[PDB]
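Working notes, beginning with the structure itself.
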Amino acid sequence: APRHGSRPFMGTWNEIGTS
Amino acid sequence: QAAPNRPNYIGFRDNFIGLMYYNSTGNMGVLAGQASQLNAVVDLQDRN
Amino acid sequence: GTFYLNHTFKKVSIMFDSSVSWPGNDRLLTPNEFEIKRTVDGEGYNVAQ
Amino acid sequence: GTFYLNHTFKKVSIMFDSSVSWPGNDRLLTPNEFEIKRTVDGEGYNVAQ
Amino acid sequence: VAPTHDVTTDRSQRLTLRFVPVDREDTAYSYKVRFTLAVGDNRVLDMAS
Amino acid sequence: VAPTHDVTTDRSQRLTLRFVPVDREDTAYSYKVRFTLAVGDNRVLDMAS
């Protein structure tokens with residue numbers, strides 16, 4: 001399991017973007 | 001003498017109501033999976 | 001045993017606890033109810049003539 | 001070698017042992033009768049114009 | 001006493017399916033119809049039906 | 001800023017795909033159509049549109 005998918009493709013303000 | 005006739009703006013149905021046969025147990029519809037004929041719309045004739 | 005009114009029955013619905021149909025899962029062409037007479041209209045669910 | 005009558009042929013049928021058929025297992029469009037002239041055009045065969 | 005062991009499936013299933021033609025054709029003397037008879041997994045159909 | 005990547009098809013997908021009836025039926029007072037609405041693998045469709 002040599003990685004994490006996560007999910008950040010959300011526009012982007014800075015290091016951010018969700019909820 | 002004379003006058004105008006009245007005016008009946010005879011045009012189509014807001015929401016396009018009717019043009020699709022909605023709740024009715026005869027004509028009804030389907031959306032299943034070419035692979036099971038298992039329909040997924042059961043419209044009991046009582047939901048307007 | 002001289003029954004002669006069995007062709008006037010159109011729909012039959014069997015519900016347990018008024019919220020679950022007996023055949024249930026999918027075992028019919030209309031999940032809620034068994035149908036006997038489909039004569040008002042048909043999309044194909046009739047038997048020989 | 002001046003053969004000139006082949007414009008008149010309509011069908012041939014090879015059959016070995018009175019049962020089999022040499023354009024064999026279906027390989028064809030009419031899998032049992034070599035069609036050389038379809039004058040009842042229909043399903044759609046009829047090559048060139 | 002009828003058998004209770006694994007003979008009749010409990011998971012949701014349909015005991016009769018409607019298959020509609022996927023492709024066809026029309027001719028003055030023929031009507032081709034092509035069906036996809038996909039049988040669900042873990043369930044056996046009998047052609048006699 | 002917008003997402004850099006991983007949200008955009010890079011090969012030839014089709015916005016506003018079109019479908020036309022594979023089956024038609026007309027009665028004196030009704031019109032019946034059915035489309036083979038094929039979403040296609042690696043995709044997701046919302047029927048709101």
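Lettering and numbering for the structure tokens are positional, with chains as A, B, ... in the shown order, residues counted from 1 in each chain, and ligands counted from 1 in the shown order.
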
Give me the residues of chain E that have any atom at most 10 Å from an atom of chain C; for each, the nearest atom pair and the distance in Å, rounded to one decimal. Use only C-alpha atoms, sort by chain and number, and format it as a tab-separated table.
residue	atom	partner	partner_atom	distance
E:10	CA	C:25	CA	8.6
E:11	CA	C:25	CA	7.6
E:12	CA	C:25	CA	4.5
E:13	CA	C:26	CA	5.4
E:14	CA	C:27	CA	4.4
E:15	CA	C:27	CA	5.3
E:16	CA	C:28	CA	7.0
E:17	CA	C:29	CA	7.8
E:18	CA	C:29	CA	8.5

Problem set entry | Non-local contacts of residue 18 of chain A (10 Å; only C-alpha atoms; under 6 positions in same chain excluded) as a list in words |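 Skipping anything fewer than 6 positions along the chain leaves residues 7, 8, 9, 10, 11 and 12 of chain A.
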
For this session: Excluding residue 32 of chain D and residues on its chain fewer than 6 positions from it, collect all residues at most 12 Å away from it, counting only C-alpha atoms, and give them as a PyMOL selection string.
Result: chain D and resi 11-16+19-26

For this session: Write out as a ChimeraX atom specification every residue belonging to chain F that has an atom at most 9 Å from any atom of chain B, counting only C-alpha atoms.
Result: /F:30,32,34,36-37

Can you write just those residues out, N, CA and C atoms, as a PDB file, in the first residue's frame?
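File produced: again29.pdb:
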ATOM      1  N   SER F  30     -51.007   8.056 -28.954  1.00  0.00           N
ATOM      2  CA  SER F  30     -49.830   7.917 -28.112  1.00  0.00           C
ATOM      3  C   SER F  30     -48.605   7.728 -28.987  1.00  0.00           C
ATOM      4  N   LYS F  32     -44.600   5.998 -28.614  1.00  0.00           N
ATOM      5  CA  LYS F  32     -43.795   5.115 -27.777  1.00  0.00           C
ATOM      6  C   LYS F  32     -42.401   5.007 -28.363  1.00  0.00           C
ATOM      7  N   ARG F  34     -38.074   4.010 -27.312  1.00  0.00           N
ATOM      8  CA  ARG F  34     -37.111   3.481 -26.359  1.00  0.00           C
ATOM      9  C   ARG F  34     -35.714   3.629 -26.932  1.00  0.00           C
ATOM     10  N   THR F  36     -31.430   3.125 -26.478  1.00  0.00           N
ATOM     11  CA  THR F  36     -30.367   2.354 -25.842  1.00  0.00           C
ATOM     12  C   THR F  36     -29.390   3.360 -25.242  1.00  0.00           C
ATOM     13  N   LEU F  37     -29.808   3.961 -24.136  1.00  0.00           N
ATOM     14  CA  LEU F  37     -29.032   5.013 -23.490  1.00  0.00           C
ATOM     15  C   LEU F  37     -27.802   4.382 -22.861  1.00  0.00           C
TER      16      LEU F  37
END

For this session: Determine which residues of chain C sit within 7 Å of chain B, taking into account only C-alpha atoms, and present them as a list in words.
Result: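 That gives residues 41, 42 and 43 of chain C for chain C.
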
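Here atom CA of residue 43 of chain F and atom CA of residue 1 of chain F stand 24.9 Å from one another.
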
Please give chain C as a PDB file with N, CA, C and O atoms, in the first residue's frame, after it has been superposed on chain D by least squares over all Cα atoms paired in order.
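Result file follows (selection12.pdb):
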ATOM      1  N   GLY C   1     -13.280 -22.071 -76.307  1.00  0.00           N
ATOM      2  CA  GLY C   1     -13.283 -21.130 -75.209  1.00  0.00           C
ATOM      3  C   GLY C   1     -14.220 -19.965 -75.397  1.00  0.00           C
ATOM      4  O   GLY C   1     -14.133 -18.991 -74.643  1.00  0.00           O
ATOM      5  N   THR C   2     -15.115 -20.036 -76.371  1.00  0.00           N
ATOM      6  CA  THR C   2     -16.008 -18.929 -76.701  1.00  0.00           C
ATOM      7  C   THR C   2     -17.331 -19.061 -75.952  1.00  0.00           C
ATOM      8  O   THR C   2     -18.416 -18.996 -76.525  1.00  0.00           O
ATOM      9  N   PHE C   3     -17.227 -19.245 -74.639  1.00  0.00           N
ATOM     10  CA  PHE C   3     -18.419 -19.376 -73.818  1.00  0.00           C
ATOM     11  C   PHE C   3     -19.176 -18.058 -73.788  1.00  0.00           C
ATOM     12  O   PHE C   3     -18.580 -16.990 -73.625  1.00  0.00           O
ATOM     13  N   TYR C   4     -20.497 -18.126 -73.947  1.00  0.00           N
ATOM     14  CA  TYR C   4     -21.287 -16.910 -73.825  1.00  0.00           C
ATOM     15  C   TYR C   4     -22.570 -17.124 -73.031  1.00  0.00           C
ATOM     16  O   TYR C   4     -23.420 -16.225 -73.013  1.00  0.00           O
ATOM     17  N   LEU C   5     -22.743 -18.269 -72.377  1.00  0.00           N
ATOM     18  CA  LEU C   5     -23.884 -18.504 -71.497  1.00  0.00           C
ATOM     19  C   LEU C   5     -23.338 -18.843 -70.118  1.00  0.00           C
ATOM     20  O   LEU C   5     -23.210 -20.013 -69.759  1.00  0.00           O
ATOM     21  N   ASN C   6     -23.019 -17.814 -69.343  1.00  0.00           N
ATOM     22  CA  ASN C   6     -22.674 -17.974 -67.943  1.00  0.00           C
ATOM     23  C   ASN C   6     -23.540 -17.127 -67.037  1.00  0.00           C
ATOM     24  O   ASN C   6     -23.384 -17.195 -65.814  1.00  0.00           O
ATOM     25  N   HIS C   7     -24.433 -16.324 -67.604  1.00  0.00           N
ATOM     26  CA  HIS C   7     -25.339 -15.468 -66.861  1.00  0.00           C
ATOM     27  C   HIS C   7     -26.735 -16.057 -66.749  1.00  0.00           C
ATOM     28  O   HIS C   7     -27.651 -15.368 -66.295  1.00  0.00           O
ATOM     29  N   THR C   8     -26.923 -17.302 -67.173  1.00  0.00           N
ATOM     30  CA  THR C   8     -28.201 -17.981 -67.037  1.00  0.00           C
ATOM     31  C   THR C   8     -28.213 -18.968 -65.881  1.00  0.00           C
ATOM     32  O   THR C   8     -29.201 -19.682 -65.702  1.00  0.00           O
ATOM     33  N   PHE C   9     -27.144 -19.022 -65.094  1.00  0.00           N
ATOM     34  CA  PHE C   9     -27.038 -19.956 -63.983  1.00  0.00           C
ATOM     35  C   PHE C   9     -27.505 -19.278 -62.707  1.00  0.00           C
ATOM     36  O   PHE C   9     -26.961 -18.242 -62.320  1.00  0.00           O
ATOM     37  N   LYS C  10     -28.506 -19.863 -62.051  1.00  0.00           N
ATOM     38  CA  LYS C  10     -29.097 -19.247 -60.870  1.00  0.00           C
ATOM     39  C   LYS C  10     -28.609 -19.890 -59.577  1.00  0.00           C
ATOM     40  O   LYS C  10     -28.041 -19.210 -58.719  1.00  0.00           O
ATOM     41  N   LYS C  11     -28.809 -21.190 -59.421  1.00  0.00           N
ATOM     42  CA  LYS C  11     -28.449 -21.866 -58.189  1.00  0.00           C
ATOM     43  C   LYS C  11     -27.568 -23.062 -58.501  1.00  0.00           C
ATOM     44  O   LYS C  11     -27.719 -23.726 -59.528  1.00  0.00           O
ATOM     45  N   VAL C  12     -26.640 -23.325 -57.588  1.00  0.00           N
ATOM     46  CA  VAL C  12     -25.751 -24.475 -57.668  1.00  0.00           C
ATOM     47  C   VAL C  12     -25.727 -25.138 -56.301  1.00  0.00           C
ATOM     48  O   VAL C  12     -25.510 -24.466 -55.286  1.00  0.00           O
ATOM     49  N   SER C  13     -25.968 -26.445 -56.266  1.00  0.00           N
ATOM     50  CA  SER C  13     -26.003 -27.200 -55.022  1.00  0.00           C
ATOM     51  C   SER C  13     -25.088 -28.402 -55.165  1.00  0.00           C
ATOM     52  O   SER C  13     -25.288 -29.233 -56.057  1.00  0.00           O
ATOM     53  N   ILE C  14     -24.097 -28.501 -54.285  1.00  0.00           N
ATOM     54  CA  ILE C  14     -23.117 -29.577 -54.307  1.00  0.00           C
ATOM     55  C   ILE C  14     -23.307 -30.419 -53.059  1.00  0.00           C
ATOM     56  O   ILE C  14     -23.152 -29.921 -51.939  1.00  0.00           O
ATOM     57  N   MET C  15     -23.624 -31.695 -53.247  1.00  0.00           N
ATOM     58  CA  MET C  15     -23.926 -32.584 -52.137  1.00  0.00           C
ATOM     59  C   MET C  15     -23.085 -33.843 -52.245  1.00  0.00           C
ATOM     60  O   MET C  15     -23.028 -34.469 -53.306  1.00  0.00           O
ATOM     61  N   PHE C  16     -22.443 -34.211 -51.143  1.00  0.00           N
ATOM     62  CA  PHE C  16     -21.672 -35.443 -51.063  1.00  0.00           C
ATOM     63  C   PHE C  16     -22.526 -36.507 -50.391  1.00  0.00           C
ATOM     64  O   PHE C  16     -23.013 -36.303 -49.275  1.00  0.00           O
ATOM     65  N   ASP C  17     -22.711 -37.635 -51.069  1.00  0.00           N
ATOM     66  CA  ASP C  17     -23.562 -38.715 -50.581  1.00  0.00           C
ATOM     67  C   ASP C  17     -25.023 -38.302 -50.513  1.00  0.00           C
ATOM     68  O   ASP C  17     -25.810 -38.906 -49.779  1.00  0.00           O
ATOM     69  N   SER C  18     -25.399 -37.267 -51.255  1.00  0.00           N
ATOM     70  CA  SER C  18     -26.774 -36.798 -51.350  1.00  0.00           C
ATOM     71  C   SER C  18     -27.336 -36.348 -50.012  1.00  0.00           C
ATOM     72  O   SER C  18     -28.547 -36.139 -49.892  1.00  0.00           O
ATOM     73  N   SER C  19     -26.490 -36.197 -48.998  1.00  0.00           N
ATOM     74  CA  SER C  19     -26.964 -35.794 -47.685  1.00  0.00           C
ATOM     75  C   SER C  19     -26.078 -34.771 -46.994  1.00  0.00           C
ATOM     76  O   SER C  19     -26.413 -34.353 -45.883  1.00  0.00           O
ATOM     77  N   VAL C  20     -24.963 -34.367 -47.593  1.00  0.00           N
ATOM     78  CA  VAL C  20     -24.053 -33.406 -46.988  1.00  0.00           C
ATOM     79  C   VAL C  20     -23.664 -32.388 -48.047  1.00  0.00           C
ATOM     80  O   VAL C  20     -23.156 -32.761 -49.109  1.00  0.00           O
ATOM     81  N   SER C  21     -23.896 -31.113 -47.761  1.00  0.00           N
ATOM     82  CA  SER C  21     -23.435 -30.063 -48.655  1.00  0.00           C
ATOM     83  C   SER C  21     -21.940 -29.849 -48.468  1.00  0.00           C
ATOM     84  O   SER C  21     -21.430 -29.887 -47.345  1.00  0.00           O
ATOM     85  N   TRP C  22     -21.227 -29.629 -49.581  1.00  0.00           N
ATOM     86  CA  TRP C  22     -19.768 -29.552 -49.493  1.00  0.00           C
ATOM     87  C   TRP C  22     -19.334 -28.422 -48.576  1.00  0.00           C
ATOM     88  O   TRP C  22     -18.736 -28.696 -47.522  1.00  0.00           O
ATOM     89  N   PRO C  23     -19.568 -27.150 -48.908  1.00  0.00           N
ATOM     90  CA  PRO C  23     -19.143 -26.085 -47.993  1.00  0.00           C
ATOM     91  C   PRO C  23     -19.686 -26.305 -46.606  1.00  0.00           C
ATOM     92  O   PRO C  23     -19.008 -26.004 -45.617  1.00  0.00           O
ATOM     93  N   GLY C  24     -20.891 -26.848 -46.507  1.00  0.00           N
ATOM     94  CA  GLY C  24     -21.339 -27.399 -45.254  1.00  0.00           C
ATOM     95  C   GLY C  24     -21.557 -26.375 -44.170  1.00  0.00           C
ATOM     96  O   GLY C  24     -22.546 -25.638 -44.188  1.00  0.00           O
ATOM     97  N   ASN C  25     -20.617 -26.321 -43.230  1.00  0.00           N
ATOM     98  CA  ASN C  25     -20.893 -25.818 -41.894  1.00  0.00           C
ATOM     99  C   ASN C  25     -21.729 -24.549 -41.916  1.00  0.00           C
ATOM    100  O   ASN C  25     -22.911 -24.577 -41.561  1.00  0.00           O
ATOM    101  N   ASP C  26     -21.146 -23.445 -42.344  1.00  0.00           N
ATOM    102  CA  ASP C  26     -21.934 -22.242 -42.575  1.00  0.00           C
ATOM    103  C   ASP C  26     -21.394 -21.367 -43.693  1.00  0.00           C
ATOM    104  O   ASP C  26     -21.921 -20.270 -43.889  1.00  0.00           O
ATOM    105  N   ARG C  27     -20.367 -21.792 -44.425  1.00  0.00           N
ATOM    106  CA  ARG C  27     -19.580 -20.871 -45.242  1.00  0.00           C
ATOM    107  C   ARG C  27     -20.376 -20.457 -46.480  1.00  0.00           C
ATOM    108  O   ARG C  27     -20.018 -20.748 -47.619  1.00  0.00           O
ATOM    109  N   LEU C  28     -21.471 -19.749 -46.222  1.00  0.00           N
ATOM    110  CA  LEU C  28     -22.310 -19.106 -47.232  1.00  0.00           C
ATOM    111  C   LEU C  28     -23.427 -18.359 -46.519  1.00  0.00           C
ATOM    112  O   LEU C  28     -23.690 -18.577 -45.335  1.00  0.00           O
ATOM    113  N   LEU C  29     -24.082 -17.468 -47.264  1.00  0.00           N
ATOM    114  CA  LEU C  29     -25.301 -16.839 -46.776  1.00  0.00           C
ATOM    115  C   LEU C  29     -26.522 -17.723 -46.971  1.00  0.00           C
ATOM    116  O   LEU C  29     -27.595 -17.402 -46.451  1.00  0.00           O
ATOM    117  N   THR C  30     -26.390 -18.818 -47.719  1.00  0.00           N
ATOM    118  CA  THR C  30     -27.428 -19.823 -47.798  1.00  0.00           C
ATOM    119  C   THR C  30     -26.709 -21.163 -47.692  1.00  0.00           C
ATOM    120  O   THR C  30     -26.029 -21.576 -48.648  1.00  0.00           O
ATOM    121  N   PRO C  31     -26.842 -21.867 -46.567  1.00  0.00           N
ATOM    122  CA  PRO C  31     -25.952 -23.011 -46.322  1.00  0.00           C
ATOM    123  C   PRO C  31     -26.038 -24.093 -47.380  1.00  0.00           C
ATOM    124  O   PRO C  31     -25.004 -24.652 -47.763  1.00  0.00           O
ATOM    125  N   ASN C  32     -27.236 -24.398 -47.873  1.00  0.00           N
ATOM    126  CA  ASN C  32     -27.389 -25.516 -48.795  1.00  0.00           C
ATOM    127  C   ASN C  32     -26.676 -25.257 -50.117  1.00  0.00           C
ATOM    128  O   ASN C  32     -25.986 -26.137 -50.641  1.00  0.00           O
ATOM    129  N   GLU C  33     -26.819 -24.053 -50.665  1.00  0.00           N
ATOM    130  CA  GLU C  33     -26.524 -23.810 -52.068  1.00  0.00           C
ATOM    131  C   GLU C  33     -25.688 -22.555 -52.254  1.00  0.00           C
ATOM    132  O   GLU C  33     -25.794 -21.607 -51.474  1.00  0.00           O
ATOM    133  N   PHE C  34     -24.858 -22.562 -53.295  1.00  0.00           N
ATOM    134  CA  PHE C  34     -24.321 -21.327 -53.839  1.00  0.00           C
ATOM    135  C   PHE C  34     -25.368 -20.672 -54.728  1.00  0.00           C
ATOM    136  O   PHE C  34     -26.103 -21.345 -55.456  1.00  0.00           O
ATOM    137  N   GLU C  35     -25.434 -19.346 -54.674  1.00  0.00           N
ATOM    138  CA  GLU C  35     -26.373 -18.587 -55.484  1.00  0.00           C
ATOM    139  C   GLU C  35     -25.600 -17.698 -56.443  1.00  0.00           C
ATOM    140  O   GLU C  35     -24.596 -17.092 -56.060  1.00  0.00           O
ATOM    141  N   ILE C  36     -26.057 -17.637 -57.687  1.00  0.00           N
ATOM    142  CA  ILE C  36     -25.429 -16.811 -58.707  1.00  0.00           C
ATOM    143  C   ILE C  36     -26.311 -15.634 -59.088  1.00  0.00           C
ATOM    144  O   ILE C  36     -25.881 -14.483 -59.043  1.00  0.00           O
ATOM    145  N   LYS C  37     -27.551 -15.906 -59.472  1.00  0.00           N
ATOM    146  CA  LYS C  37     -28.523 -14.872 -59.778  1.00  0.00           C
ATOM    147  C   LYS C  37     -29.567 -14.827 -58.677  1.00  0.00           C
ATOM    148  O   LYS C  37     -30.313 -15.791 -58.485  1.00  0.00           O
ATOM    149  N   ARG C  38     -29.620 -13.711 -57.965  1.00  0.00           N
ATOM    150  CA  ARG C  38     -30.674 -13.442 -56.994  1.00  0.00           C
ATOM    151  C   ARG C  38     -31.395 -12.212 -57.524  1.00  0.00           C
ATOM    152  O   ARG C  38     -31.114 -11.083 -57.117  1.00  0.00           O
ATOM    153  N   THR C  39     -32.329 -12.437 -58.443  1.00  0.00           N
ATOM    154  CA  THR C  39     -33.017 -11.350 -59.116  1.00  0.00           C
ATOM    155  C   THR C  39     -34.517 -11.360 -58.911  1.00  0.00           C
ATOM    156  O   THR C  39     -35.137 -10.296 -59.017  1.00  0.00           O
ATOM    157  N   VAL C  40     -35.122 -12.510 -58.627  1.00  0.00           N
ATOM    158  CA  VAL C  40     -36.556 -12.539 -58.363  1.00  0.00           C
ATOM    159  C   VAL C  40     -36.886 -11.607 -57.205  1.00  0.00           C
ATOM    160  O   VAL C  40     -37.782 -10.761 -57.298  1.00  0.00           O
ATOM    161  N   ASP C  41     -36.152 -11.739 -56.104  1.00  0.00           N
ATOM    162  CA  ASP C  41     -36.275 -10.834 -54.974  1.00  0.00           C
ATOM    163  C   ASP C  41     -34.927 -10.757 -54.279  1.00  0.00           C
ATOM    164  O   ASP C  41     -34.057 -11.609 -54.471  1.00  0.00           O
ATOM    165  N   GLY C  42     -34.759  -9.719 -53.475  1.00  0.00           N
ATOM    166  CA  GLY C  42     -33.535  -9.537 -52.726  1.00  0.00           C
ATOM    167  C   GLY C  42     -33.793  -8.886 -51.385  1.00  0.00           C
ATOM    168  O   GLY C  42     -34.535  -7.911 -51.273  1.00  0.00           O
ATOM    169  N   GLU C  43     -33.171  -9.455 -50.358  1.00  0.00           N
ATOM    170  CA  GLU C  43     -33.096  -8.824 -49.050  1.00  0.00           C
ATOM    171  C   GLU C  43     -31.755  -8.137 -48.840  1.00  0.00           C
ATOM    172  O   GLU C  43     -31.459  -7.700 -47.725  1.00  0.00           O
ATOM    173  N   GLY C  44     -30.937  -8.045 -49.885  1.00  0.00           N
ATOM    174  CA  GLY C  44     -29.687  -7.319 -49.805  1.00  0.00           C
ATOM    175  C   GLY C  44     -28.492  -8.053 -50.375  1.00  0.00           C
ATOM    176  O   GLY C  44     -27.398  -7.488 -50.456  1.00  0.00           O
ATOM    177  N   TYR C  45     -28.679  -9.302 -50.784  1.00  0.00           N
ATOM    178  CA  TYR C  45     -27.560 -10.138 -51.216  1.00  0.00           C
ATOM    179  C   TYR C  45     -27.346 -10.025 -52.725  1.00  0.00           C
ATOM    180  O   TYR C  45     -27.564 -10.964 -53.486  1.00  0.00           O
ATOM    181  N   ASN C  46     -26.908  -8.847 -53.150  1.00  0.00           N
ATOM    182  CA  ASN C  46     -26.485  -8.610 -54.521  1.00  0.00           C
ATOM    183  C   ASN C  46     -25.162  -7.864 -54.505  1.00  0.00           C
ATOM    184  O   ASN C  46     -24.757  -7.289 -53.495  1.00  0.00           O
ATOM    185  N   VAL C  47     -24.493  -7.853 -55.650  1.00  0.00           N
ATOM    186  CA  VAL C  47     -23.235  -7.133 -55.771  1.00  0.00           C
ATOM    187  C   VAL C  47     -23.443  -5.960 -56.712  1.00  0.00           C
ATOM    188  O   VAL C  47     -24.540  -5.771 -57.249  1.00  0.00           O
ATOM    189  N   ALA C  48     -22.398  -5.162 -56.906  1.00  0.00           N
ATOM    190  CA  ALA C  48     -22.554  -3.818 -57.444  1.00  0.00           C
ATOM    191  C   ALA C  48     -23.474  -3.782 -58.654  1.00  0.00           C
ATOM    192  O   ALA C  48     -23.147  -4.325 -59.712  1.00  0.00           O
ATOM    193  N   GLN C  49     -24.629  -3.138 -58.486  1.00  0.00           N
ATOM    194  CA  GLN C  49     -25.561  -2.856 -59.569  1.00  0.00           C
ATOM    195  C   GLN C  49     -25.618  -3.974 -60.599  1.00  0.00           C
ATOM    196  O   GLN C  49     -25.513  -3.729 -61.803  1.00  0.00           O
TER     197      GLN C  49
END
